[PDB]
Amino acid sequence: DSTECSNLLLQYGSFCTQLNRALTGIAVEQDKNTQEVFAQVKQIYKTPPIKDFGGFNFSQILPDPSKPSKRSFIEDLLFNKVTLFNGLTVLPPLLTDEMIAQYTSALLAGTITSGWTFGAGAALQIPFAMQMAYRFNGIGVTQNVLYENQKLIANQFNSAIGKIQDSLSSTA
Amino acid sequence: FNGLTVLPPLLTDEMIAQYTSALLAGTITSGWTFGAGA
Amino acid sequence: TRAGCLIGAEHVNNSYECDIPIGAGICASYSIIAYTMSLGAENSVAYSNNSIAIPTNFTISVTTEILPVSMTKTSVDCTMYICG
Amino acid sequence: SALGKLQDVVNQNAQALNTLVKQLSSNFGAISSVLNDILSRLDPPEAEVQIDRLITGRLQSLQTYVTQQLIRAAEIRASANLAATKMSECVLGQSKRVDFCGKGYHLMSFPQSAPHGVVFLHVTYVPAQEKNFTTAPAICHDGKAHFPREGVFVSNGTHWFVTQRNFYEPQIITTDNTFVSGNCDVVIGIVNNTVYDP
Amino acid sequence: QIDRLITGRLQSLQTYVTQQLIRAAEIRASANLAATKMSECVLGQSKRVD
Amino acid sequence: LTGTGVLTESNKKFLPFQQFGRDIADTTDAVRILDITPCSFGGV
Ligand SMILES: *[C@@H]1O[C@H](CO)[C@@H](O)[C@H](O)[C@H]1NC(C)=O
Ligand SMILES: *[C@@H]1O[C@H](CO)[C@@H](O)[C@H](O)[C@H]1NC(C)=O
Ligand SMILES: *[C@@H]1O[C@H](CO)[C@@H](O)[C@H](O)[C@H]1NC(C)=O
Ligand SMILES: *[C@@H]1O[C@H](CO)[C@@H](O)[C@H](O)[C@H]1NC(C)=O
Ligand SMILES: *[C@@H]1O[C@H](CO)[C@@H](O)[C@H](O)[C@H]1NC(C)=O
Ligand SMILES: *[C@@H]1O[C@H](CO)[C@@H](O)[C@H](O)[C@H]1NC(C)=O
Ligand SMILES: *[C@@H]1O[C@H](CO)[C@@H](O)[C@H](O)[C@H]1NC(C)=O
């Protein structure tokens, strides 16, 4: 707020407009990047109240009714671990943390309920055991391998999730 | 007018259109075979 | 809102698709109304351990995607531009 | 506004060019923005110091314009690489990647020329008109577990058939399209049904 | 002296803006990669190795 | 006002109070009516 600066800058040119346009374009680009990355679907699917996934446990990554900003425990650890005038201002993102978390919840519900069918159109309910059998068939493993070792594979997945949360808890 | 010139593209619009038409004709008449050989 | 303060638009309790992105989950649309953008349709899928959904029909969908390939080639003569 | 990307690129290029053209006529602290007037009005020492000021300002503006043009060229090169990848995969063949060549199960793609880009017409397959059915992981027949070769076991209300995943084409459960793997004691959710032997 | 200060501060602002633009390009590339991964691994099964 | 360029007959209509005429970029275009069009130049 000095008039001499304005007097000496009006004759200097219009670099300020260039910088403002560049910053606005950058902000728009980041908003578009977030919009493209997180909003892969236009329907917010919800996990059914009963959770019978053939022994697989998803309460670790699914949201809980305790209202921790509608985020899972892994998401809570991720948020907690990350630690964050003179004409400088910070524009808040268009998509808030709750909105991104609800996108994540919808994506998780779609993945664990309809498999990959919801990504190609309408969501198609299917038991998680049959979805895992389809995925095993995708990698060239027959369905009977899953069906005769379903408990072992569920236990292995739960253990892997446990090691994941342990690493995200203590290991930096 | 002040030393600013616009260099024309090497490939004209007609030539780009002919590439698109050839690719589309190969796709319809041959499928993916023309993209991996004859 | 946490993004500042808006004057001239009536706040509504509904949720529509975002038209003019104000920020921080707040959007504006045309009087001028300001609301919180809706993420999409809310539906619940009937999941069960012995139930599946199989399509009985199909749709052939044609979509259009635009991809830039090149821009205008501009040449600048520094001696002519700066000095003339 | 269906070609917003190309129009936006053209508008950005035109805006940068117009900004450079406007900045060509800035005082930059000199007595005038016209070089000829300074030369025809002012003595060689002061004329050349004003020339130095104008040169500094115009060189800074041109450097900024060149930097922005280089960044835009890098972005356009990345976009063109993506377009070439789509041309090689979506147009010259069938891509199994999800949503890379349009929403849904990709069938084919058609190329179309654009003034400063390309247009991909993606033809894809989308399931619709869905129906509910009751499934079972396998069938326990004669003390043996039968799994479908390709497809899924379903039942409308009482009769069990085998079909395919992406379309409802029920078929009678038969030994040709089913394979036996072990007994029906370890499979969870197995049901009792007859298997036709032709 | 004010003009000299203006030139210095504008040069600093140009450097900051250029660095921000480069970082924005890098983040845009990373976001495109993340969107591709989400599309091809969350919405479906990817046969690509690693 | 000195410069280098080509003098051409102008089809544009000026006003009695107007002497100079500048197009976009705030550069001299017409002088009293005669249009100023710089002679051909380019790259080689
Ligand atoms: C999943 O794990 C959590 C924490 O270990 C546990 O409280 C919950 O009961 C588990 N769910 C099932 C279905 O076992
Ligand atoms: C506020 O929102 C609630 C719930 O959407 C609605 O029932 C109520 O009518 C709204 N009130 C006003 C004044 O918009
Ligand atoms: C599928 O839809 C088309 C129209 O979109 C209809 O003509 C056809 O009969 C439908 N298929 C079946 C099996 O009903
Ligand atoms: C059939 O499936 C739909 C979901 O596609 C579900 O809404 C409906 O309740 C199901 N029908 C019955 C009788 O449960
Ligand atoms: C199921 O399909 C079979 C064969 O088409 C038929 O005989 C039977 O009546 C059907 N049952 C119901 C409940 O529609
Ligand atoms: C599905 O779950 C129910 C419990 O709600 C159980 O009674 C039934 O046996 C289960 N069926 C299969 C095939 O797992
Ligand atoms: C299938 O039949 C066998 C013997 O025929 C019987 O032991 C078994 O309980 C039956 N399965 C069911 C689900 O009733």
# chains A, B, ... in the order shown; residues from 1 in each chain; ligands from 1
$ interface_residues --of "chain C" --to "chain A" --cutoff "10 Å" --atoms "only C-alpha atoms" --output "PDB file with N, CA, C and O atoms, in the first residue's frame"
ATOM      1  N   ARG C   2     -15.863 -21.237   5.126  1.00  0.00           N
ATOM      2  CA  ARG C   2     -14.425 -21.241   5.360  1.00  0.00           C
ATOM      3  C   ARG C   2     -13.636 -20.695   4.177  1.00  0.00           C
ATOM      4  O   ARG C   2     -12.445 -20.404   4.330  1.00  0.00           O
ATOM      5  N   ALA C   3     -14.264 -20.550   3.012  1.00  0.00           N
ATOM      6  CA  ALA C   3     -13.638 -19.930   1.853  1.00  0.00           C
ATOM      7  C   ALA C   3     -13.847 -18.422   1.803  1.00  0.00           C
ATOM      8  O   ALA C   3     -13.342 -17.773   0.881  1.00  0.00           O
ATOM      9  N   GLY C   4     -14.574 -17.851   2.761  1.00  0.00           N
ATOM     10  CA  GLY C   4     -14.818 -16.421   2.772  1.00  0.00           C
ATOM     11  C   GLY C   4     -16.269 -16.065   3.024  1.00  0.00           C
ATOM     12  O   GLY C   4     -16.931 -16.687   3.859  1.00  0.00           O
ATOM     13  N   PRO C  21     -17.890 -23.365  -9.459  1.00  0.00           N
ATOM     14  CA  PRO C  21     -17.182 -23.786  -8.243  1.00  0.00           C
ATOM     15  C   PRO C  21     -16.667 -22.617  -7.420  1.00  0.00           C
ATOM     16  O   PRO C  21     -15.718 -21.934  -7.815  1.00  0.00           O
ATOM     17  N   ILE C  22     -17.293 -22.379  -6.267  1.00  0.00           N
ATOM     18  CA  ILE C  22     -16.818 -21.339  -5.360  1.00  0.00           C
ATOM     19  C   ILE C  22     -15.642 -21.847  -4.537  1.00  0.00           C
ATOM     20  O   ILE C  22     -14.617 -21.168  -4.405  1.00  0.00           O
ATOM     21  N   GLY C  23     -15.767 -23.049  -3.980  1.00  0.00           N
ATOM     22  CA  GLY C  23     -14.687 -23.643  -3.218  1.00  0.00           C
ATOM     23  C   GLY C  23     -15.120 -24.191  -1.875  1.00  0.00           C
ATOM     24  O   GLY C  23     -16.199 -23.851  -1.377  1.00  0.00           O
ATOM     25  N   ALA C  24     -14.279 -25.044  -1.285  1.00  0.00           N
ATOM     26  CA  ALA C  24     -14.529 -25.631   0.032  1.00  0.00           C
ATOM     27  C   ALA C  24     -15.874 -26.351   0.081  1.00  0.00           C
ATOM     28  O   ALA C  24     -16.598 -26.287   1.076  1.00  0.00           O
ATOM     29  N   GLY C  25     -16.213 -27.045  -1.003  1.00  0.00           N
ATOM     30  CA  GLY C  25     -17.467 -27.760  -1.085  1.00  0.00           C
ATOM     31  C   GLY C  25     -18.677 -26.904  -1.381  1.00  0.00           C
ATOM     32  O   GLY C  25     -19.800 -27.421  -1.356  1.00  0.00           O
ATOM     33  N   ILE C  26     -18.490 -25.616  -1.658  1.00  0.00           N
ATOM     34  CA  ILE C  26     -19.587 -24.695  -1.928  1.00  0.00           C
ATOM     35  C   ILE C  26     -19.569 -24.341  -3.408  1.00  0.00           C
ATOM     36  O   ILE C  26     -18.517 -23.992  -3.959  1.00  0.00           O
ATOM     37  N   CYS C  27     -20.729 -24.440  -4.054  1.00  0.00           N
ATOM     38  CA  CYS C  27     -20.880 -24.084  -5.455  1.00  0.00           C
ATOM     39  C   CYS C  27     -22.056 -23.131  -5.615  1.00  0.00           C
ATOM     40  O   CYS C  27     -22.872 -22.957  -4.708  1.00  0.00           O
ATOM     41  N   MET C  37     -22.326 -28.781  -3.306  1.00  0.00           N
ATOM     42  CA  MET C  37     -22.474 -29.664  -4.453  1.00  0.00           C
ATOM     43  C   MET C  37     -22.694 -31.105  -4.006  1.00  0.00           C
ATOM     44  O   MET C  37     -22.122 -31.562  -3.012  1.00  0.00           O
ATOM     45  N   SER C  38     -23.550 -31.812  -4.739  1.00  0.00           N
ATOM     46  CA  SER C  38     -23.854 -33.204  -4.449  1.00  0.00           C
ATOM     47  C   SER C  38     -22.897 -34.111  -5.209  1.00  0.00           C
ATOM     48  O   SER C  38     -22.630 -33.902  -6.396  1.00  0.00           O
ATOM     49  N   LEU C  39     -22.375 -35.120  -4.512  1.00  0.00           N
ATOM     50  CA  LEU C  39     -21.383 -35.994  -5.120  1.00  0.00           C
ATOM     51  C   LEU C  39     -21.977 -36.882  -6.205  1.00  0.00           C
ATOM     52  O   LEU C  39     -21.238 -37.355  -7.074  1.00  0.00           O
ATOM     53  N   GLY C  40     -23.279 -37.110  -6.177  1.00  0.00           N
ATOM     54  CA  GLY C  40     -23.933 -37.939  -7.164  1.00  0.00           C
ATOM     55  C   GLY C  40     -25.148 -38.608  -6.556  1.00  0.00           C
ATOM     56  O   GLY C  40     -25.534 -38.326  -5.425  1.00  0.00           O
ATOM     57  N   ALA C  41     -25.743 -39.503  -7.337  1.00  0.00           N
ATOM     58  CA  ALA C  41     -26.912 -40.236  -6.872  1.00  0.00           C
ATOM     59  C   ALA C  41     -26.534 -41.178  -5.737  1.00  0.00           C
ATOM     60  O   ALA C  41     -25.500 -41.849  -5.782  1.00  0.00           O
ATOM     61  N   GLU C  42     -27.378 -41.221  -4.711  1.00  0.00           N
ATOM     62  CA  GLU C  42     -27.168 -42.080  -3.554  1.00  0.00           C
ATOM     63  C   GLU C  42     -28.063 -43.306  -3.680  1.00  0.00           C
ATOM     64  O   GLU C  42     -29.292 -43.180  -3.725  1.00  0.00           O
ATOM     65  N   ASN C  43     -27.448 -44.485  -3.737  1.00  0.00           N
ATOM     66  CA  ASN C  43     -28.181 -45.735  -3.867  1.00  0.00           C
ATOM     67  C   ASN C  43     -27.502 -46.812  -3.038  1.00  0.00           C
ATOM     68  O   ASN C  43     -26.300 -46.748  -2.769  1.00  0.00           O
ATOM     69  N   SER C  44     -28.288 -47.807  -2.636  1.00  0.00           N
ATOM     70  CA  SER C  44     -27.801 -48.940  -1.862  1.00  0.00           C
ATOM     71  C   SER C  44     -27.968 -50.210  -2.682  1.00  0.00           C
ATOM     72  O   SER C  44     -29.065 -50.498  -3.171  1.00  0.00           O
ATOM     73  N   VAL C  45     -26.885 -50.959  -2.830  1.00  0.00           N
ATOM     74  CA  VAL C  45     -26.888 -52.197  -3.599  1.00  0.00           C
ATOM     75  C   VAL C  45     -27.247 -53.356  -2.680  1.00  0.00           C
ATOM     76  O   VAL C  45     -26.725 -53.476  -1.565  1.00  0.00           O
ATOM     77  N   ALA C  46     -28.164 -54.207  -3.143  1.00  0.00           N
ATOM     78  CA  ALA C  46     -28.656 -55.335  -2.354  1.00  0.00           C
ATOM     79  C   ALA C  46     -27.627 -56.460  -2.408  1.00  0.00           C
ATOM     80  O   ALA C  46     -27.672 -57.357  -3.255  1.00  0.00           O
ATOM     81  N   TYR C  47     -26.677 -56.404  -1.478  1.00  0.00           N
ATOM     82  CA  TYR C  47     -25.631 -57.412  -1.404  1.00  0.00           C
ATOM     83  C   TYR C  47     -26.090 -58.607  -0.581  1.00  0.00           C
ATOM     84  O   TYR C  47     -26.762 -58.457   0.443  1.00  0.00           O
ATOM     85  N   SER C  48     -25.720 -59.800  -1.040  1.00  0.00           N
ATOM     86  CA  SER C  48     -26.010 -61.030  -0.319  1.00  0.00           C
ATOM     87  C   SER C  48     -24.953 -62.062  -0.678  1.00  0.00           C
ATOM     88  O   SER C  48     -24.265 -61.946  -1.696  1.00  0.00           O
ATOM     89  N   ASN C  49     -24.828 -63.078   0.174  1.00  0.00           N
ATOM     90  CA  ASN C  49     -23.836 -64.122  -0.042  1.00  0.00           C
ATOM     91  C   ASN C  49     -24.300 -65.194  -1.020  1.00  0.00           C
ATOM     92  O   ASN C  49     -23.498 -66.061  -1.385  1.00  0.00           O
ATOM     93  N   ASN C  50     -25.561 -65.163  -1.446  1.00  0.00           N
ATOM     94  CA  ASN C  50     -26.081 -66.124  -2.413  1.00  0.00           C
ATOM     95  C   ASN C  50     -26.964 -65.426  -3.437  1.00  0.00           C
ATOM     96  O   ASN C  50     -27.970 -65.977  -3.894  1.00  0.00           O
ATOM     97  N   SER C  51     -26.603 -64.200  -3.811  1.00  0.00           N
ATOM     98  CA  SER C  51     -27.376 -63.430  -4.774  1.00  0.00           C
ATOM     99  C   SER C  51     -26.439 -62.743  -5.756  1.00  0.00           C
ATOM    100  O   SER C  51     -25.395 -62.216  -5.364  1.00  0.00           O
ATOM    101  N   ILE C  52     -26.824 -62.754  -7.033  1.00  0.00           N
ATOM    102  CA  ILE C  52     -26.071 -62.094  -8.090  1.00  0.00           C
ATOM    103  C   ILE C  52     -27.049 -61.336  -8.979  1.00  0.00           C
ATOM    104  O   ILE C  52     -28.253 -61.602  -8.987  1.00  0.00           O
ATOM    105  N   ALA C  53     -26.516 -60.371  -9.721  1.00  0.00           N
ATOM    106  CA  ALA C  53     -27.274 -59.634 -10.723  1.00  0.00           C
ATOM    107  C   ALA C  53     -26.590 -59.821 -12.068  1.00  0.00           C
ATOM    108  O   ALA C  53     -25.404 -59.507 -12.212  1.00  0.00           O
ATOM    109  N   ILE C  54     -27.331 -60.331 -13.045  1.00  0.00           N
ATOM    110  CA  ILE C  54     -26.806 -60.624 -14.373  1.00  0.00           C
ATOM    111  C   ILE C  54     -27.598 -59.808 -15.385  1.00  0.00           C
ATOM    112  O   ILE C  54     -28.829 -59.813 -15.339  1.00  0.00           O
ATOM    113  N   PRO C  55     -26.944 -59.081 -16.287  1.00  0.00           N
ATOM    114  CA  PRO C  55     -27.685 -58.345 -17.314  1.00  0.00           C
ATOM    115  C   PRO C  55     -28.362 -59.281 -18.300  1.00  0.00           C
ATOM    116  O   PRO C  55     -27.876 -60.376 -18.593  1.00  0.00           O
TER     117      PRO C  55
END
$ residues_near_ligand --ligand "ligand 3" --cutoff "7 Å" --atoms "only C-alpha atoms and all ligand atoms" --output "VMD selection string"
chain C and resid 56 to 58
$ residues_near_ligand --ligand "ligand 1" --cutoff "9 Å" --atoms "only C-alpha atoms and all ligand atoms" --output "number ranges by chain"
A: 51-53, 55-60, 158, 162
$ residues_around --residues "region 92-108 of chain D" --least-positions-apart "6" --cutoff "6 Å" --atoms "only C-alpha atoms" --output "JSON, numbers by chain"
{"A": [120], "B": [32, 35], "D": [122, 123, 124, 125, 126], "E": [39, 40]}
$ write_last_selection --atoms "N, CA, C and O atoms" --output "PDB file, in the first residue's frame"
ATOM      1  N   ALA A 120     -17.782 -50.424 -15.220  1.00  0.00           N
ATOM      2  CA  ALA A 120     -18.203 -50.478 -16.613  1.00  0.00           C
ATOM      3  C   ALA A 120     -19.680 -50.146 -16.788  1.00  0.00           C
ATOM      4  O   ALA A 120     -20.216 -50.313 -17.888  1.00  0.00           O
TER       5      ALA A 120
ATOM      6  N   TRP B  32      -7.645 -55.464 -36.151  1.00  0.00           N
ATOM      7  CA  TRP B  32      -6.333 -55.171 -35.590  1.00  0.00           C
ATOM      8  C   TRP B  32      -5.198 -55.848 -36.343  1.00  0.00           C
ATOM      9  O   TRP B  32      -4.040 -55.723 -35.932  1.00  0.00           O
ATOM     10  N   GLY B  35      -2.532 -53.449 -37.843  1.00  0.00           N
ATOM     11  CA  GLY B  35      -1.646 -52.826 -36.877  1.00  0.00           C
ATOM     12  C   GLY B  35      -0.502 -53.695 -36.409  1.00  0.00           C
ATOM     13  O   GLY B  35       0.356 -53.217 -35.661  1.00  0.00           O
TER      14      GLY B  35
ATOM     15  N   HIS D 122     -15.065 -43.729 -29.264  1.00  0.00           N
ATOM     16  CA  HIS D 122     -14.933 -45.020 -28.605  1.00  0.00           C
ATOM     17  C   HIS D 122     -16.278 -45.733 -28.618  1.00  0.00           C
ATOM     18  O   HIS D 122     -17.259 -45.225 -28.063  1.00  0.00           O
ATOM     19  N   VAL D 123     -16.324 -46.899 -29.256  1.00  0.00           N
ATOM     20  CA  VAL D 123     -17.498 -47.759 -29.265  1.00  0.00           C
ATOM     21  C   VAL D 123     -17.279 -48.836 -28.213  1.00  0.00           C
ATOM     22  O   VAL D 123     -16.297 -49.588 -28.281  1.00  0.00           O
ATOM     23  N   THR D 124     -18.190 -48.905 -27.242  1.00  0.00           N
ATOM     24  CA  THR D 124     -18.052 -49.766 -26.078  1.00  0.00           C
ATOM     25  C   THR D 124     -19.358 -50.502 -25.807  1.00  0.00           C
ATOM     26  O   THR D 124     -20.429 -50.125 -26.291  1.00  0.00           O
ATOM     27  N   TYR D 125     -19.243 -51.556 -25.003  1.00  0.00           N
ATOM     28  CA  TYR D 125     -20.345 -52.437 -24.639  1.00  0.00           C
ATOM     29  C   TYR D 125     -20.728 -52.172 -23.189  1.00  0.00           C
ATOM     30  O   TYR D 125     -19.863 -52.194 -22.306  1.00  0.00           O
ATOM     31  N   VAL D 126     -22.015 -51.920 -22.939  1.00  0.00           N
ATOM     32  CA  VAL D 126     -22.509 -51.607 -21.607  1.00  0.00           C
ATOM     33  C   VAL D 126     -23.642 -52.562 -21.250  1.00  0.00           C
ATOM     34  O   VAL D 126     -24.658 -52.600 -21.949  1.00  0.00           O
TER      35      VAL D 126
ATOM     36  N   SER E  39      -8.205 -46.177 -12.114  1.00  0.00           N
ATOM     37  CA  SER E  39      -9.107 -46.682 -13.141  1.00  0.00           C
ATOM     38  C   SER E  39      -8.821 -48.141 -13.472  1.00  0.00           C
ATOM     39  O   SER E  39      -9.752 -48.937 -13.637  1.00  0.00           O
ATOM     40  N   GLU E  40      -7.546 -48.515 -13.570  1.00  0.00           N
ATOM     41  CA  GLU E  40      -7.173 -49.830 -14.071  1.00  0.00           C
ATOM     42  C   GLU E  40      -6.901 -50.857 -12.978  1.00  0.00           C
ATOM     43  O   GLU E  40      -6.622 -52.016 -13.299  1.00  0.00           O
TER      44      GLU E  40
END
$ select_by_dssp --residues "chain C" --states "strand (DSSP E)" --output "ChimeraX atom specification"
/C:10-11,20-23,26-29,33-36,41-44,52-68,73-76
$ write_last_selection --atoms "N, CA, C and O atoms" --output "short mmCIF file (atom, residue, chain, number, x, y, z; two decimals), in the first residue's frame"
data_model
loop_
_atom_site.label_atom_id
_atom_site.label_comp_id
_atom_site.auth_asym_id
_atom_site.auth_seq_id
_atom_site.Cartn_x
_atom_site.Cartn_y
_atom_site.Cartn_z
N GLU C 10 -28.71 -16.49 -2.59
CA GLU C 10 -29.50 -17.06 -1.50
C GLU C 10 -29.03 -18.48 -1.22
O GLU C 10 -29.03 -19.33 -2.12
N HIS C 11 -28.63 -18.73 0.02
CA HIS C 11 -28.20 -20.07 0.42
C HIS C 11 -29.40 -21.00 0.52
O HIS C 11 -30.43 -20.63 1.09
N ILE C 20 -20.91 -23.43 -10.80
CA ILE C 20 -19.84 -22.45 -10.65
C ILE C 20 -19.08 -22.78 -9.37
O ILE C 20 -19.59 -22.51 -8.27
N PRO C 21 -17.89 -23.36 -9.46
CA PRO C 21 -17.18 -23.79 -8.24
C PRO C 21 -16.67 -22.62 -7.42
O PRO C 21 -15.72 -21.93 -7.81
N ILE C 22 -17.29 -22.38 -6.27
CA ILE C 22 -16.82 -21.34 -5.36
C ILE C 22 -15.64 -21.85 -4.54
O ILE C 22 -14.62 -21.17 -4.40
N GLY C 23 -15.77 -23.05 -3.98
CA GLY C 23 -14.69 -23.64 -3.22
C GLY C 23 -15.12 -24.19 -1.87
O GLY C 23 -16.20 -23.85 -1.38
N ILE C 26 -18.49 -25.62 -1.66
CA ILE C 26 -19.59 -24.70 -1.93
C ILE C 26 -19.57 -24.34 -3.41
O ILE C 26 -18.52 -23.99 -3.96
N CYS C 27 -20.73 -24.44 -4.05
CA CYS C 27 -20.88 -24.08 -5.45
C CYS C 27 -22.06 -23.13 -5.62
O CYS C 27 -22.87 -22.96 -4.71
N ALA C 28 -22.12 -22.50 -6.79
CA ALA C 28 -23.18 -21.56 -7.11
C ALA C 28 -23.77 -21.92 -8.47
O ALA C 28 -23.10 -22.47 -9.34
N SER C 29 -25.05 -21.59 -8.64
CA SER C 29 -25.75 -21.89 -9.88
C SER C 29 -26.88 -20.90 -10.06
O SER C 29 -27.27 -20.19 -9.12
N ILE C 33 -28.24 -18.91 -6.72
CA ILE C 33 -28.30 -19.70 -5.51
C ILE C 33 -26.93 -20.29 -5.23
O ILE C 33 -26.15 -20.57 -6.14
N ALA C 34 -26.63 -20.46 -3.94
CA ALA C 34 -25.39 -21.06 -3.48
C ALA C 34 -25.71 -22.24 -2.58
O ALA C 34 -26.54 -22.13 -1.68
N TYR C 35 -25.06 -23.37 -2.83
CA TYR C 35 -25.35 -24.60 -2.10
C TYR C 35 -24.06 -25.39 -1.94
O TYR C 35 -22.97 -24.92 -2.28
N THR C 36 -24.20 -26.61 -1.41
CA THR C 36 -23.10 -27.57 -1.35
C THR C 36 -23.33 -28.60 -2.45
O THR C 36 -24.40 -29.22 -2.51
N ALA C 41 -25.74 -39.50 -7.34
CA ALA C 41 -26.91 -40.24 -6.87
C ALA C 41 -26.53 -41.18 -5.74
O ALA C 41 -25.50 -41.85 -5.78
N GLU C 42 -27.38 -41.22 -4.71
CA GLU C 42 -27.17 -42.08 -3.55
C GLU C 42 -28.06 -43.31 -3.68
O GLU C 42 -29.29 -43.18 -3.73
N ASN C 43 -27.45 -44.49 -3.74
CA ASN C 43 -28.18 -45.73 -3.87
C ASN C 43 -27.50 -46.81 -3.04
O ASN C 43 -26.30 -46.75 -2.77
N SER C 44 -28.29 -47.81 -2.64
CA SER C 44 -27.80 -48.94 -1.86
C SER C 44 -27.97 -50.21 -2.68
O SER C 44 -29.06 -50.50 -3.17
N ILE C 52 -26.82 -62.75 -7.03
CA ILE C 52 -26.07 -62.09 -8.09
C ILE C 52 -27.05 -61.34 -8.98
O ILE C 52 -28.25 -61.60 -8.99
N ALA C 53 -26.52 -60.37 -9.72
CA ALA C 53 -27.27 -59.63 -10.72
C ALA C 53 -26.59 -59.82 -12.07
O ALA C 53 -25.40 -59.51 -12.21
N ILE C 54 -27.33 -60.33 -13.05
CA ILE C 54 -26.81 -60.62 -14.37
C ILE C 54 -27.60 -59.81 -15.39
O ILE C 54 -28.83 -59.81 -15.34
N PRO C 55 -26.94 -59.08 -16.29
CA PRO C 55 -27.69 -58.34 -17.31
C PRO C 55 -28.36 -59.28 -18.30
O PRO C 55 -27.88 -60.38 -18.59
N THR C 56 -29.50 -58.83 -18.82
CA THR C 56 -30.21 -59.54 -19.87
C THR C 56 -30.21 -58.77 -21.19
O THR C 56 -30.80 -59.26 -22.17
N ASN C 57 -29.58 -57.60 -21.24
CA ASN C 57 -29.53 -56.81 -22.46
C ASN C 57 -28.25 -56.00 -22.47
O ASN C 57 -27.51 -55.94 -21.49
N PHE C 58 -28.00 -55.35 -23.60
CA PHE C 58 -26.76 -54.63 -23.82
C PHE C 58 -27.03 -53.31 -24.53
O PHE C 58 -28.09 -53.10 -25.12
N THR C 59 -26.05 -52.41 -24.45
CA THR C 59 -26.10 -51.12 -25.10
C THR C 59 -24.76 -50.85 -25.77
O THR C 59 -23.70 -51.04 -25.15
N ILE C 60 -24.80 -50.44 -27.03
CA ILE C 60 -23.61 -50.05 -27.77
C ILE C 60 -23.46 -48.54 -27.62
O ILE C 60 -24.22 -47.77 -28.21
N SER C 61 -22.48 -48.11 -26.83
CA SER C 61 -22.31 -46.71 -26.48
C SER C 61 -21.13 -46.12 -27.23
O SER C 61 -20.03 -46.68 -27.20
N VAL C 62 -21.34 -44.99 -27.90
CA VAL C 62 -20.29 -44.27 -28.60
C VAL C 62 -20.01 -42.98 -27.85
O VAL C 62 -20.90 -42.14 -27.69
N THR C 63 -18.78 -42.84 -27.37
CA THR C 63 -18.35 -41.66 -26.64
C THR C 63 -17.27 -40.92 -27.44
O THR C 63 -16.59 -41.51 -28.28
N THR C 64 -17.13 -39.63 -27.16
CA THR C 64 -16.17 -38.79 -27.85
C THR C 64 -15.12 -38.30 -26.86
O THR C 64 -15.46 -37.80 -25.79
N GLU C 65 -13.85 -38.46 -27.22
CA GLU C 65 -12.73 -37.98 -26.42
C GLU C 65 -11.88 -37.05 -27.28
O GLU C 65 -11.55 -37.39 -28.42
N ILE C 66 -11.51 -35.90 -26.73
CA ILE C 66 -10.73 -34.89 -27.43
C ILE C 66 -9.33 -34.88 -26.84
O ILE C 66 -9.17 -34.80 -25.61
N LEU C 67 -8.31 -34.96 -27.70
CA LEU C 67 -6.94 -34.94 -27.21
C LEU C 67 -6.08 -34.01 -28.04
O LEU C 67 -5.91 -34.23 -29.25
N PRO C 68 -5.53 -32.94 -27.45
CA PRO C 68 -4.63 -32.07 -28.20
C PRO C 68 -3.39 -32.83 -28.67
O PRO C 68 -2.85 -33.68 -27.96
N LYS C 73 2.94 -23.12 -34.15
CA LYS C 73 4.38 -22.92 -34.11
C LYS C 73 4.67 -21.44 -34.33
O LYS C 73 4.46 -20.92 -35.44
N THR C 74 5.14 -20.76 -33.29
CA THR C 74 5.42 -19.33 -33.34
C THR C 74 6.93 -19.10 -33.30
O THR C 74 7.63 -19.69 -32.47
N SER C 75 7.42 -18.25 -34.20
CA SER C 75 8.82 -17.87 -34.25
C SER C 75 8.93 -16.39 -33.94
O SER C 75 8.19 -15.57 -34.49
N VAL C 76 9.86 -16.04 -33.04
CA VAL C 76 10.06 -14.67 -32.60
C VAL C 76 11.49 -14.27 -32.93
O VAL C 76 12.44 -14.95 -32.53
#
$ interface_residues --of "chain D" --to "chain F" --cutoff "12 Å" --atoms "only C-alpha atoms" --output "ChimeraX atom specification"
/D:17-26,33-41
$ interface_residues --of "chain F" --to "chain B" --cutoff "10 Å" --atoms "only C-alpha atoms" --output "PyMOL selection string"
chain F and resi 25+37-38+40-43
$ write_last_selection --atoms "C-alpha atoms" --output "compact mmCIF listing (two decimals), in the first residue's frame"
# COMPACT_ATOMS: atom_id res chain seq x y z
CA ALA F 25 -0.34 -2.76 -30.00
CA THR F 37 2.53 -0.54 -43.92
CA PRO F 38 6.12 -1.69 -43.28
CA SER F 40 8.25 -6.92 -46.62
CA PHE F 41 10.51 -8.70 -44.13
CA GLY F 42 10.94 -12.21 -42.82
CA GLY F 43 13.26 -15.12 -42.26
$ residues_around --residues "residue 39 (chain F)" --least-positions-apart "3" --cutoff "10 Å" --atoms "only C-alpha atoms" --output "PyMOL selection string"
chain F and resi 4-7+36
$ residues_near_ligand --ligand "ligand 2" --cutoff "8 Å" --atoms "only C-alpha atoms and all ligand atoms" --output "list in words"
residues 11, 12, 13 and 14 of chain C
$ select_by_dssp --residues "chain A" --states "alpha helix (DSSP H)" --output "number ranges by chain"
A: 3-10, 15-38, 73-81, 97-114, 128-138, 143-147, 150-169
